[PDB]
Amino acid sequence: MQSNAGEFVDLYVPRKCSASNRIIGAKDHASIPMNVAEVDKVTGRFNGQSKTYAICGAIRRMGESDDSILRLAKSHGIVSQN
Amino acid sequence: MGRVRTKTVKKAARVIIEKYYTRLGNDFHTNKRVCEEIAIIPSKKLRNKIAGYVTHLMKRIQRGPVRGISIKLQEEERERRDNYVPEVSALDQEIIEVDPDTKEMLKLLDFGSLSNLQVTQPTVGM
Amino acid sequence: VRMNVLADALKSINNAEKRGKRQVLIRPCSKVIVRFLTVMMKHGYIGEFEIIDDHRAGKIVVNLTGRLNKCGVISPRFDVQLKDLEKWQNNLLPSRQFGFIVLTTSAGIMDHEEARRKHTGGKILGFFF
Amino acid sequence: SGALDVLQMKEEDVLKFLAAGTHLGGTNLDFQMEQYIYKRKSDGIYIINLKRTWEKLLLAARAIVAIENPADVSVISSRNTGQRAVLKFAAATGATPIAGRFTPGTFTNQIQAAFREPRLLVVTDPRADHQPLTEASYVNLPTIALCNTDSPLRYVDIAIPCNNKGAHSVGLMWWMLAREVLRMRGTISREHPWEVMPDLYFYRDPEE
Amino acid sequence: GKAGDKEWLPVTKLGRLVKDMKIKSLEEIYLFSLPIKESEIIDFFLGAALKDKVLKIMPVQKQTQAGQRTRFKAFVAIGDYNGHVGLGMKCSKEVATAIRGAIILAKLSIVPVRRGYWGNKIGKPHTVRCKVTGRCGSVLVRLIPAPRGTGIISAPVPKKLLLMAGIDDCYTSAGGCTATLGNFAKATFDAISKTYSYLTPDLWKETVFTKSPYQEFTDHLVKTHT
């Protein structure tokens, strides 16, 4: 958040989950980032740069996460057709 | 009679059989004198009880394991079965037998090898 | 029955947004509902929407994000007179920095920030933020 | 996938899946477990697809790789079949096994001499190991597991469908899991057959 | 001298990164929404601005065949005026011990608050981001934004909490019983918490994402470390 002074106020900007486009708390203990490791996709070996996601605790605890992680990954690798 | 052994006996009995496994007989008198020498016992009467239970454990442990108490030679044979049980490798005769619409799945896996069939009967339950 | 068409539409989008759905089904379509959702799209609270056609009253399908929080109806439809406006705008909006009460005027349907610049009051329809 | 054939289905493994009866699946469905089933049989069996198994195996495995230190991807199983399997798993790839009764409060406590604090979990059968799953959402652990066709999905980020009512279906699936992580992280990859048997990942079973 | 100090040895992973000094703000912890379990972590980053304000020391008691048996339950607030506040309740058989038990529990539950402006910016926030609520068992508070210089207009009990939060100007409205202050204070605390969980058009820009402090500093967490 930016004032007319140009002072960039607010203690931190909180992360916004890709599960359902909404923002998690600071004591929500069911909200998990999950790092998937990319591979070269020519031999099948680790290659550097991870794809990281984040999911909110609310959709997790009702049990929607299995579809959400699949849908996110389906538009990338290592699922492209299921 | 009455009297069930207290927890002080059953707790320490387990320790004493574990670490001096190969120093026990199956006689009361020998196992008594051993407990006096390998460890302090604050009484004589207390010793005569703890010995007798140590004896009673040692009878069963030679017929296989008693839970919560693990001697060395049992954990040896545990590992020896777990690195490979004596039984053959095979999965499970290297032939697959399928049924109608298991074959249909396999078409949609884009493969087709080693065909067999067994024909199934209508219908679930009755 | 369904005496208020607009009132039945918005409750759906409210319920749906809470669960996290990003496609919905709203019926019956009315022209009034179209221009409503147009304003809600421009500002960027919802995405593009598809009008299925029948020969009855239509049905609408919407693509939405988690940006929406609450859109309400106000029944019955009161008048506003551009000094009554401020009294309204306090009550329906959580802030002075965002949210838009919507209304209809003789100059067409629009948000309140725009209506004040046309210098014309009119009849209030709903709100959102 | 997108790799040429080195991250895609192999002709060999299809035979192993079908010989171990993984394709067969229980007589019930959920509203989340109907996107991996194709259809039902003549019989009450519901037939899991193996294409759908294969993709889910991979990205599951790629997440298990992604930790820098593998010594804290804590595997858990309490049913008898998945005991022998997990022990070899956690010997092969650096992990910490928890076999048998869980003893709850493991990660919640601060004072307990069996305290653990992993990052991931890989659980067999959600509806036998419900205690660690519930406890996962108090310490922000991602979660992976093997679902039947009717196991409840809730605190399961990714599933890896399986038959898992026992038999060879259990041990085979843990073996395949351990094959993949070594191809990707290690240098075991050669795309020519691994030495280790799926035989010694199966259940001990009452012996002769 | 002749006397050392030795204070705090962490047995917790999060505690270990702080003691070895790789995490250097609370803002790192909160962004991953990590558990906190040790009350020295919070008191290391802060503890140079934390005050306590013992609200009530309330008796409760159960019944037994030998008569009464009385335990003392006290509520204790905690907060710096920079926007971190917390709250805790605890009970014990004796008084002083219960108070000191509450100051520990209160440190554990500290959270940040998000402050904003009335409608025009001039630097340094002074009020609540938006009109929010919070209910605890049919007590509720409705924090409503207010322009500068109106002070905090509330009952004495929430006037403690909001003042400790550093929120300068506010209007409030209550509903239902408020003479059972254990609910009343928790309901205030509930309301201030929700501020960062309220989505605003400001926050619609996309967050980059970054690897966990646990992940990046894992090479220091494995050598002999917990």
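For chain D, we keep the numbers from Swiss-Prot: what you see runs 2-209, in order.
Note: Cβ is positioned from N, Cα and C throughout, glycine not excepted.
Pulled from Swiss-Prot:
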| type | residues | note |
| --- | --- | --- |
| CROSSLNK | D:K89 | SUMO2 cross-link |
| MOD_RES | D:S2 | N-acetylserine |
| MOD_RES | D:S43 | phosphoserine |
| MOD_RES | D:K52 | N6-acetyllysine |
| MOD_RES | D:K89 | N6-acetyllysine |
| MOD_RES | D:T97 | phosphothreonine |
| REGION | D:54-113 | region 'Interaction with PPP1R16B' |
| REGION | D:161-180 | region 'Laminin-binding' |
For D:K52 (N6-acetyllysine), what residues in its own chain, 6 or more apart in sequence, show a Cβ-Cβ distance under 8 Å? D:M10
What same-chain residues, at least 6 away in sequence, bring their CB to under 8 Å of the CB of D:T97 (phosphothreonine)? D:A72, D:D73, D:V74, D:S75, D:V76, D:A91, D:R117, D:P119
Would you kindly list the residues that approach the region 'Laminin-binding' (D:161-180) from elsewhere in its chain, counting only those six or more residues past its ends and only Cβ-Cβ distances under 8 Å? 14, 17-18, 20-27, 34, 37, 49, 53-54, 57-58, 61-62, 65, 82-83, 85-87, 89-90, 93-94, 123, 125-126, 145-150, 195, 197, 199, 202-204
Tally the residues of the region 'Laminin-binding' (D:161-180) by DSSP class, grouping H, G and I as helix, E and B as strand, and everything else as coil. 11 helix, 0 strand, 9 coil
Top of the modified residues D:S2, D:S43 by count of other CB atoms within 10 A is D:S2
Residues with Cβ closer than 8 Å to the Cβ of D:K89 (SUMO2 cross-link), same chain and 6+ apart in sequence? D:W175, D:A179, D:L201, D:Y202
According to DSSP, which of helix, strand or coil covers D:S2 (N-acetylserine)? coil
Interface-proximal recorded positions, chain A, C-beta separation under 8 A, candidates D:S2, D:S43, D:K89, D:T97: D:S2
Per DSSP (three-state), D:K89 (SUMO2 cross-link) is helix
Could you give me three numbers for the region 'Interaction with PPP1R16B' (D:54-113), the DSSP helix, strand and coil residue counts? 25 helix, 9 strand, 26 coil
